[PDB]
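Visitor: let me start by giving you these chains from the complex, positioned as in the assembled structure:
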Amino acid sequence: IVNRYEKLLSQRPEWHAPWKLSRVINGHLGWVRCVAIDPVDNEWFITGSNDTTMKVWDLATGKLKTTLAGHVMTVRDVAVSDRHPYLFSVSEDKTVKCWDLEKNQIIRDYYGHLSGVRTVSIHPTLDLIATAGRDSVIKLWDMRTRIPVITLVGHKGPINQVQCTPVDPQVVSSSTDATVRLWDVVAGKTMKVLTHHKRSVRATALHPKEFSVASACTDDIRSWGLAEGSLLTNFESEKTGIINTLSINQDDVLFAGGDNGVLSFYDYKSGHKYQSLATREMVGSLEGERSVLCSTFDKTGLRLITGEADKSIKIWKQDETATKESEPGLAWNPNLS
Amino acid sequence: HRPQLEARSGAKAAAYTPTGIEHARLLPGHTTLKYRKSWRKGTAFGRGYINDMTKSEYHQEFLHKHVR
């Protein structure tokens, strides 16, 4: 098996540049649970909160455009649509609310979850929604008629994170039973199961190009090829736990947000970790409140936006000096597994 | 005999037979999508964001007032 270990010493992977802190935006009253970005113009954020609101921030200057209230409890997830001028928000109040970006008012309510709904993902080509939460089932909603067309029974526990893809498996899901299922919706049953995680899979992200997914757990961030459902790679992680979120830049950079406040950046190809940061908590906060609840990259991928549990949004920019003078990160030593 | 220890799996509700009662909120509405494209002297005297709810300034204003 050493042959594999030699074949890890040939590659010498993929240089990138480090990241640093451009901007800090206070202004939420509670935690910031979720963040999504205008998929077309990159002009703004929609950020959930733990105060029930949603505050639309301008990406350029960081000023606050508007506030969207309308949920009675915390907002776990928000997702904005490409083809539509719609914004689907979803919360712990058992409800998935549509939002018409034109007039800024709730249009539709989808009904039928038994309990808090922690994930929404908008299918790219079908005019569907996929919602999930402590129900332990994934509900495929018809966007127009508000009919929960398909239900996907499967995971034996709550469902943390859900994604949508145009070809087969059209829904990828991840649950606290420590599995990740790759669904075939037309037949309505699991196409493939990926069990390799040891504990709750609390975050996923789709690579914008390669047609793969990055799954997380406490200490181990793996990757997965879709289609076949193979394992692709692993990522070097000593205890970073807990990994709350993942995000994949267009340059094949894989972000990992910690609950210990550490920002662990990776190369996606290799598995190498080229940088680790630690955020500054805040003026009057607690050392417990330093963590990263969500994150995303803009459409370009040269900026990073992380909502943190200290009631602040932080915007991380990629250094322009860098190159080989002194970038080099931890520099590729594959320890024995 | 108290608290949750679990939640109810939607899987159960998936196998039941439908009733077909007609609710008020599923009546058709928004039925069409949208696609994108000298006196003074004699006197005796005289000549910032903390993150927390209780210790903020607004709060001490609040309780400083409503409690009279």
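Guide: Great, that's in hand. Numbers count the residues shown, from 1 in each chain, chains lettered A, B, ... in the order given.
Visitor: all helices for the chain, in order.
Guide: Using chain A here. Listed in chain order, the helices of chain A (DSSP state H) span A:2-7.
Visitor: um, chain B though
Guide: Counting by DSSP H, the helices of chain B are B:10-15, B:57-66.
Visitor: let me have these in JSON lines, extended by mean neighbour count and distance to chain A.
Guide: To be clear about C-beta, it is placed using only N, CA and C from the backbone, and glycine gets the same treatment. JSON lines is the format used below for the helices of chain B (neighbours: other CB atoms under 10 Å in any protein chain shown; distance: least, CB to the nearest CB, whole Å):
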{"stretch": "helix B:10-15", "mean neighbour count": "14", "distance to chain A": "4"}
{"stretch": "helix B:57-66", "mean neighbour count": "9", "distance to chain A": "11"}
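Visitor: so which of the ones you listed is nearest residue A:319?
Guide: helix B:57-66 (36.8 Å; CB to CB).
Visitor: what's opposite residue A:64 in the beta bridge?
Guide: residue A:57 (DSSP bridges).
Visitor: returning to that earlier point: in JSON lines: the helices of chain B, plus distance to residue A:51.
Guide: JSON lines is the format used below for these (distance: least, CB to CB, whole Å):
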{"stretch": "helix B:10-15", "distance to residue A:51": "28"}
{"stretch": "helix B:57-66", "distance to residue A:51": "15"}
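Visitor: out of those, flag the one nearest residue A:242.
Guide: Using CB to CB, these put helix B:10-15 closest to residue A:242, at 26.1 Å.
Visitor: starting at the chain centroid, how far to that closest one?
Guide: Taking CA atoms, centre = their mean, to the nearest Å, one finds helix B:10-15 lying 32 Å from the centre of the chain it belongs to.
Visitor: which other helices and strands contact it?
Guide: Helices and strands touching helix B:10-15, as assessed by 3 or more CB pairs under 8 Å, 6 or more residues apart in numbering or on different chains; DSSP states H and E, are absent.
Visitor: what does that helix contact?
Guide: Helix B:10-15 has contacts (CB atoms under 8 Å, 6 or more residues apart in numbering or on different chains) with A:113-114, A:135-137, A:139, A:151, A:153.
Visitor: following sequence is chain C, place it on the structure:
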Amino acid sequence: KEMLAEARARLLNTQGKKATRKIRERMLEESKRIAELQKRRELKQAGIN
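Guide: So, slotting chain C in with the rest:
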């Protein structure tokens, strides 16, 4: 000595109004079972089953 005996009585019992009731009701049910059983045994001793 009276209020001390009573204190000793209250401090030793945690049963509760509902819980005490379900214990005694369960006793009643088991008694009913025993009754019906021994009925059946006696009628069996006379051959009627």
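Visitor: what comes up buried for stretch A:44-61?
Guide: By 16 or more other CB atoms under 10 Å in any protein chain shown, the buried positions in stretch A:44-61 come out as A:44-57, A:59.
Visitor: what about the residue most central in space within chain C, distance to residue C:33?
Guide: Centroid-nearest residue in chain C: residue C:27, 2.7 Å away (criterion: CA atoms, centre = their mean). From residue C:27 over to residue C:33 the distance is 11 Å, taken as CB to CB, to the nearest Å.
Visitor: now swap in residue A:75 and tell me
Guide: Counting by CB to CB, the gap from residue A:75 to residue C:33 is 56 Å.
Visitor: so which of the buried residues of stretch A:44-61 are in strands?
Guide: Among those, the residues falling in strands (DSSP state E) are A:45-47, A:54-57.
Visitor: just curious, which of these is nearest to chain B?
Guide: residue A:46 (15.9 Å; CB to the nearest CB).
Visitor: up against chain A, what does chain B have?
Guide: Within reach of chain A by CB under 8 Å from any CB of the partner chain, chain B has these residues: B:7-11, B:13-14, B:25-26, B:28-36, B:49-52, B:55.
Visitor: which residues sit in contact with the residue in chain C that chain A sits nearest to?
Guide: Per CB to the nearest CB, residue C:18 is where chain C lies closest to chain A, at 28.4 Å. Contact partners of residue C:18, counting by CB under 8 Å, 6+ apart, are absent.
Visitor: helix or strand for it, just tell me which one.
Guide: helix C:17-45 (DSSP states H and E).
Visitor: what residues sit buried inside that helix?
Guide: Under 16+ other CB under 10 Å, helix C:17-45 has no buried positions.
Visitor: any idea how far the closest residue to residue A:129 other than its chain neighbours lies from chain B?
Guide: Closest residue to residue A:129 in three dimensions, ignoring its sequence neighbours and counting by CB to CB, 6 or more residues apart in numbering or on different chains: residue A:141, at 4.2 Å. Residue A:141 sits 13 Å away from chain B, going by CB to the nearest CB, to the nearest Å.
Visitor: here is chain D, add it in:
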Amino acid sequence: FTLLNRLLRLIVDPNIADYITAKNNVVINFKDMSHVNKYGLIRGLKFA
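Guide: With chain D now in place:
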């Protein structure tokens, strides 16, 4: 109170002054919450 004791010493015998001054330091209780009153005046005293 350090001041009150003295400005009451002017006007009143030190007995009553010391009394009044001490009377304001008292444990205050609402349900669970309790705290000594170390600083301000308690307006509920008859002579407040």
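Visitor: same question on what packs on helix B:10-15, but with chain D included?
Guide: By 3+ CB pairs under 8 Å, 6+ apart, helix B:10-15 packs against no helix or strand.
Visitor: C-alpha coordinates for it, PDB please?
Guide: What follows is helix B:10-15, C-alpha atoms only, in PDB (Å, rounded to 0.1, in the frame of the first residue of the first chain):
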ATOM      1  CA  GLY B  10     -42.700  12.500   7.900                       C
ATOM      2  CA  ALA B  11     -42.200   9.000   6.500                       C
ATOM      3  CA  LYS B  12     -45.200   7.800   8.500                       C
ATOM      4  CA  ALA B  13     -47.500  10.500   7.100                       C
ATOM      5  CA  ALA B  14     -46.200   9.500   3.700                       C
ATOM      6  CA  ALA B  15     -47.900   6.100   3.900                       C
END
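Visitor: correct me, but residue A:278 touches residue A:262?
Guide: Yes: using CB atoms under 8 Å, residue A:278 is in contact with residue A:262, at 5.7 Å.
Visitor: more neighbours: the two, which one.
Guide: Neighbours per residue (other CB atoms under 10 Å in any protein chain shown) separate residue A:278 from residue A:262, with residue A:262 holding more: 17 against 11.
Visitor: ok, now how distant is that one from residue A:38?
Guide: 29 Å.
Visitor: ramachandran angles for residue 15?
Guide: Chain wasn't specified; assuming chain A. With angles defined as degrees, to the nearest 10, residue A:15 sits at phi -70, psi 150.
Visitor: wait, I meant chain D there
Guide: Torsion angles, degrees, to the nearest 10, at residue D:15: phi -70, psi -60.
Visitor: gap between it and chain A?
Guide: 46 Å.
Visitor: count of neighbours near that residue?
Guide: The burial count for residue D:15: 8, using other CB under 10 Å.
Visitor: OK, contacts around it?
Guide: Contacts of residue D:15 by CB under 8 Å, 6+ apart: none found.
Visitor: residue D:17 is in what secondary structure piece?
Guide: helix D:14-23.
Visitor: which outside residues touch the helix or strand following that helix?
Guide: Following helix D:14-23 in sequence order, the next helix or strand is strand D:27-30 (DSSP H and E). By CB under 8 Å, 6+ apart, the list of residues contacting strand D:27-30 from outside reads D:34-37, D:42.
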